[PDB]
Amino acid sequence: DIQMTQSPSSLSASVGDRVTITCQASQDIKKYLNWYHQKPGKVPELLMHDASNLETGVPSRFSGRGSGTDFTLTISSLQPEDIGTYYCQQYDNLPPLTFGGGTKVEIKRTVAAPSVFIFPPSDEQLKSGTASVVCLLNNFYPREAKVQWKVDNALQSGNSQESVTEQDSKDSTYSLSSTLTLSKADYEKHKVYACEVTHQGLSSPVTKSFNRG
Amino acid sequence: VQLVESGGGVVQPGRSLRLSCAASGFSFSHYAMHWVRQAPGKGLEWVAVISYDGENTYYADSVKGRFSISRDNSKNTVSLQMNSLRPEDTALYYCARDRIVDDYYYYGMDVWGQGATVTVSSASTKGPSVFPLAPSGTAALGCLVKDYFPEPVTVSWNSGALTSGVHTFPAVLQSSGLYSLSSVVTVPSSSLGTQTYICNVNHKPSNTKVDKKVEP
Amino acid sequence: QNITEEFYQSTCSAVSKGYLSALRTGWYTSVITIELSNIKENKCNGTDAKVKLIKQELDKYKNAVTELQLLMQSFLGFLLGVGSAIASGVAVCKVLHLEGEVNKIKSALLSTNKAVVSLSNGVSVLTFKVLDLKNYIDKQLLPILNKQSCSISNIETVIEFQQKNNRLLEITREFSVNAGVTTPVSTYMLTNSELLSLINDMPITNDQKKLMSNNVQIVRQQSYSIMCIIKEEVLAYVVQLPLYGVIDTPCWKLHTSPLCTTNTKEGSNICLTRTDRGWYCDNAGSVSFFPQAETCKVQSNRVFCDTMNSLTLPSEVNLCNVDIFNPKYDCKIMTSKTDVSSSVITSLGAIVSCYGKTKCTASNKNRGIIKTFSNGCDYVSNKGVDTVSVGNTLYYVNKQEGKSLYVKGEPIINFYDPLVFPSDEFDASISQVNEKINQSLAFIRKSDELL
Amino acid sequence: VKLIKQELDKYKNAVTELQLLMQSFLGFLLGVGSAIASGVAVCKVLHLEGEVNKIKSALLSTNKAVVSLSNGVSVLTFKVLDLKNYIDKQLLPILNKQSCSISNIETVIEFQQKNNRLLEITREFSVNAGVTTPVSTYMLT
Amino acid sequence: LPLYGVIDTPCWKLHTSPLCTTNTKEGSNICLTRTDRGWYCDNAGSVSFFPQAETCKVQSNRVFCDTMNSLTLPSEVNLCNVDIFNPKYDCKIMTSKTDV
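For each chain, numbering restarts from 1 and follows the sequence as written, which can differ from how the entry numbers it; residues lacking coordinates are not listed. For this description, chains carry letters from A and ligands carry numbers from 1, given in the order in which they are written. Part of a larger assembly is what these chains represent; accordingly, every value refers to the shown part. No hydrogens and no water enter the side-chain calculation; it runs on all heavy atoms of the structure. Residues with missing side-chain atoms are left out of burial classes, side-chain pairs and their counts.

Looking at the entry header, you'll see cryo-EM listed as the method and 3.4 Å as the resolution.

Draft legend 1. How the structure looks around the nonpolar core. Take the buried residues of types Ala, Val, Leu, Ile, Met, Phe, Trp, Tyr and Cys, join any two whose side-chain atoms come within 4.5 Å, and each joined set is a nonpolar core. The buried label applies to any residue whose accessible area, calculated with a 1.4 Å probe on protein chains only, is under 20% of its type's maximum; exposed applies above 50%, and partly exposed to all values in between. In this structure, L19, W35 and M82 of chain B are the most contacted members of the largest nonpolar core, which totals 57 residues. Of all the elements, strand 9 (residues 91-101) of chain B adds the most residues to this core, at eight residues. Among the nonpolar cores identified, the runner-up in size contains 54 residues, and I137, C150, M189 and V216 of chain C belong to it. By definition, any uninterrupted DSSP run of H or I lasting at least four residues is a helix, any uninterrupted run of E lasting at least two residues is a strand, and each is numbered from the N terminus.

Draft legend 2. Expanded view of the interface of chain A and chain B. Residue contacts are counted whenever heavy atoms from the two residues lie within 4.5 Å of one another. Listed per partner, the contact involves 41 residues of chain A and 40 residues of chain B. When two parts are brought into contact, each loses some accessible area as probed by a 1.4 Å sphere; the total of that loss over both is the buried area. Between chain A and chain B, a total of about 3,300 Å² is buried, with carbon and sulfur atoms accounting for 66% of that surface. Looking at the side of chain A facing chain B, the largest losses of area belong to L97, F99 and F119 of chain A, adding up to 17% of the total buried there. Counted as salt bridges are all cases of a side-chain nitrogen of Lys or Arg within 4 Å of a carboxyl oxygen of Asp or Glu. Taken together, chain A and chain B are joined by one salt bridge. Here a polar contact is recorded for every N or O atom pair within 3.5 Å, except that within protein the pair must consist of a potential hydrogen donor and a potential acceptor, and residues adjacent in sequence are included only if both atoms are side-chain atoms. Taken together, the connections running from chain A to chain B amount to ten residue pairs in polar contact. Looking at the side of chain A that touches chain B, the element that brings in the most residues is strand 15 (residues 160-164) of chain A, giving four residues. Here the nonpolar group is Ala, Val, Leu, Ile, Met, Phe, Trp, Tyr, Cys and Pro; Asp, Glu, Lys and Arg are the charged ones; every other residue, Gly included, is treated as polar. Tallied by class, the residues present in the side of chain A that touches chain B amount to 18 nonpolar, 17 polar and six charged.

Draft legend 3. View of the packing of helix 1 (residues 2-20) of chain D against helix 5 (residues 106-125) of chain D. Residue and element names in this part refer to chain D. Here an angle of 0 to 180 degrees is reported between the N-to-C directions of two axes, which are lines fitted to C-alpha atoms, with helices fitted over the stretch in contact. At a closest axis distance of 9 Å, the pairing of helix 1 and helix 5 adopts a crossing angle of 20 degrees. Classed by the angle they form, the pair helix 1 and helix 5 counts as roughly parallel. The crossing of helix 1 and helix 5 is left-handed. Only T107, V108, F111, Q112, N115, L118, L119, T122, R123 and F125 of helix 5 make contact with helix 1, whose side of the interface consists of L3, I4, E7, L8, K10, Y11, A14, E17 and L18. Along the lines of polarity and charge, the residues of the contact of helix 1 with helix 5 split into eleven nonpolar, four polar and four charged. Each angle is binned into one of four classes, with values under 35 degrees roughly parallel, values over 145 roughly antiparallel, values of 65 to 115 roughly perpendicular, and all other values oblique. If you view the pair so one helix is near and one far, a crossing is left-handed when the near helix is turned anticlockwise from the far one by less than a right angle, and right-handed when it is turned clockwise.

Draft legend 4. Layout of the sheet that holds strand 18 (residues 206-210) of chain A. Residue and element names in this part refer to chain A. Two strands qualify as a pair provided DSSP detects at least 2 bridges between them. One open sheet holds the three strands; their spatial order is 14-17-18, and the pairing between them is antiparallel. Of all the strands in the sheet, just strand 14 (145-150) and strand 18 have a single pairing partner and so form its edges. This sheet shows a mean twist of 20 degrees between the axes of neighbouring strands, independent of strand direction. The pairing of strand 14 with strand 17 (residues 193-199) spans six bridges and is antiparallel. In the sheet register, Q148 faces strand 17, and the bridge partner there is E196.

Draft legend 5. Fine view of the pairing of strand 6 (residues 124-132) of chain C. Residue and element names in this part refer to chain C. With respect to burial, strand 6 is a largely interior element, seven of its nine residues being buried. Two elements, strand 4 (residues 26-35) and strand 6, share four bridges in a ladder whose sense is parallel. When the sheet's bridge partners are listed, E35 is paired in strand 6 with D132. Summarising the sheet, strand 5 (residues 114-118) and strand 6 pair through five bridges and their orientation is antiparallel. Directly across from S118, in strand 6, lies its bridge partner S124. Where strand 5 hands over to strand 6, the hairpin turn is made up of five residues, of which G122 adopts a positive phi near 100 degrees.

Draft legend 6. Looking closely at the sheet that holds strand 5 of chain C. Residue and element names in this part refer to chain C. Read across the sheet, six strands follow the order 5-6-4-9-8-7 without closing on themselves; strand pairing throughout is mixed. Only two strands of the sheet have a single neighbouring strand rather than two, namely strand 5 and strand 7 (181-182). Sheet topology note: the strand 7/strand 8 (residues 225-229) ladder contains two bridges and is antiparallel. Directly across from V181, in strand 8, lies its bridge partner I226. Helix-sheet contacts for helix 6 (residues 192-201) involve strand 4, strand 5, strand 6 and strand 9 (234-243), and the interaxial angle to strand 6 is about 160 degrees.

Draft legend 7. Spotlight on the packing of aromatic side chains. A pair of aromatic rings is counted whenever rings of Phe, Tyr or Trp (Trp by its six-membered ring) have centres within 6.5 Å, and the orientation is called stacked for planes under 30 degrees apart, edge-to-face for over 60 and tilted otherwise. This structure, assessed with the given rule, holds 33 aromatic pairs over all chains. Look at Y416 of chain C and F421 of chain C: their rings are 5.6 Å apart centre to centre, the planes differ by 85 degrees, and that puts the pair in the edge-to-face class. Residue classification places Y416 of chain C among the buried residues on the basis of a relative accessible area of 11%. Ring-pair connections join several aromatic residues into one group, and the members of that group are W149, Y187, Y193 and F210 of chain A. By definition here, charges over rings are those cases where NZ of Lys or CZ of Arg is within 6 Å of the ring centre and within 35 degrees of the ring normal. One residue, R109 of chain A, lies across the ring of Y141 of chain A, its end atom 4.4 Å from the ring centre. One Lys or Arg, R109 of chain A, reaches over the ring of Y174 of chain A and ends 5.7 Å from the middle of that ring.

Now the structure itself:
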């Protein structure tokens, strides 16, 4: 089967910049390749076909070149709508057809300060038989934001999770929450419940704390 | 030049399924028809391509034989039968029009539709359980949905009146194999016990809208 | 399930089985009329430019009618036997040339402009009076073209006269441009609505009525029209339309390609083709064979043809499409010794007789060379291909919708052996070739045996 | 007004014709070839519902442009004669139901000079089974 | 419309006439003609042969012709214009017994 590798796996830039994405084929193909757009949360849109023939109804900023096994997609001036993920496909003389690994495209912010919060679980959830304490991170960047749980000086590993958001539209920042879920029987044993937050903007890690009852 | 999907749902592994594609407004008669799949938060990899006439069909090697593609001119319809389902086939599927007319030798895909999500796993369908997250200048509240399947669930606050400060964090599949996330709303702290808060979570596969208020 | 194709590699031929027959097994005459004017010479002492324009239009008409006056007529496929196409129309015109009939026809067409009338010769005909020159020359110019008071300030008069005149002007032009005998007949001889009315008003079946009412685009190429008369005040001219006494019969086309042995030697090659390419349409329990495709025409799924270039062949001739060797009907073929490359066009593909060493190839517009052949009768469809190159000819393939079938089989040329075969046969057949081969073998053996 | 009506009816007969004519010695071994395969193949590509709207949109501003059909092979198209204009914004606003004040004679002359081209186009479509060679100038100036 | 992918190639025409013996007897005559009258135009290293002159047209020194009535013949066929007896390419001819 034809295997096509796309590079770089993920990419970021700024508005107005230039980007180049490479797509390499396992074996020789004369000119049979297409470049595909896929906007976030939308159906993929075919940038161009045959690697050099644009799909009408799209700006001329996109360009495709190359031959043999290697093809290249060049964007001269990036636009905020150009974010998403770019792909390459081949139709070399026969099926099976195949898609590429993918090239994500997002934008940077020049670091912004984080925010910290902390909250306990609900009540009827305690009756259900399980409790969950949450340390909350909102409007933060970069992703280097670590949370350490402290319950009677017993950090919890292998039983907690984290969930981070995407690039927002107005403030553009992400939002991460770490949830530590334990059984009510084990949750009631301890008293102190704290989360320690380390982030680049917070040169001094924050120490949020709350009790049990 | 519209394409829509029907039949998309959930089923346990090793069970057959059908996806129907309905096309409108263009020559569904002269074109080769494509199916493609993409796992959530992943790249594409080809599913299948059925010739314009339905005589010749081509499938991906990793799913060869499992799929069965059919097309009916009379019903202006395409159909994909999925047999011997595997857990790794979970993905959103796009039914697409080919780039060229009545061409045995296939090309890319030009016209796509909204896409139908199909999930496969041992765990069965389940409605979410809502658990508040109450307080102890600017503060926050929240509510978290646990034990639901499949993704996604849409979260609003005060029936969506407050469109600012809403943060719906992605779910994390706990070892139990269930989805769980926590939605958060940040507002001035002085508003505690001032503006009544109700958060609503909608899950259409179970056809449920769980509503819950958060209080200190 | 309407049209398809099947190609036999047994004798290297293609069959397109979808088209529906349209055979003109009858003729139909219709004498159209246009009510002329024996205009008295115009006269205006004093020249106004509008008056000169009216005079020039009248003189253009007069030259038209002078022209009309002076023009009042004062490979198998070689055994068909030609036929007098214009016999019926000019025969009806001759019937008109008898003194009395023109007054009868004029009286019968005094009120309306369409009527069925019985000529002097017995066969009923249908006649029209589409354009009326007598009215707009008599009661629209003479009362307003008085000798001295030529007050024609109204310019639009000339425009109306020109629009009512140009039709007959082109009628006389076509009479003088086609020896009074033209095919197709232009609309200025019969307006398309007038044609629909004619087809609806003539004696044929309702299904055939709809069939020929909506199928004008070929009828004109199967129609004819010669001048009859200007006898008395009227221009009368016949039209010859078809009458489909055979319809709703599924009929097909046959395309041919040589078979040969494929020795590396370019010379000394032996080649056979089926010499019966053409049309087969079923009418009366036996097929109708058109040898040369220049007598048949195509419309989507309706093939319209004229049977005067047709023979009637036994239905067993269809068996020549499965077994050319069957003794029921001696299939017709041609043999030759020249080794050259070529290809032929079926309904949904092309047959590449790639002989010699020419670089034959099958390709699509946007794909290029996808298939390369090798020294022999091969066939390719239209499905994924629309460009077949042989030597330097680059043929296109008709992209109609159909299903293509390719019957494998050992070419009969394999049975034929060299060193004995005759290198000249065009009107030959299976039986004739076998008889000649047996004669050659008998002569060779008796010459050797007598030793 | 009679002359204007007659010209319009002549056009209507032209287009009725167009409607009804819709089409879906050595030297003996050459092997004949389909002359009209490419043109009618492109026409068939047009018979797909969506293409005509795209072609019209691409020819809205100018009367010459290169467009890519659904079948892939790029073609080049013109809009040499425009009947919509001179029938829409230059007769209808002056051919009102009752106030048919068309005293200006040259209306019909202009319409006829802009019509005779397509009239000959339809005549040739009906004079050569919709398939003619050579192509007269009224098919391409 | 056409697309002239082959141009600026010097190409020629062949016209034919019967050879015969000239016995005083009007009958019993033997006649041969070159049966290759037509057009030869060079495109891709081998000549292109049009058998019937009804597929080729003339304007000054440039001849415009249609190829669907063309075969590709070896360049050695040009040698049939100097030595018809050459065994390189078997030149095509016709023989008949009618003397007119």
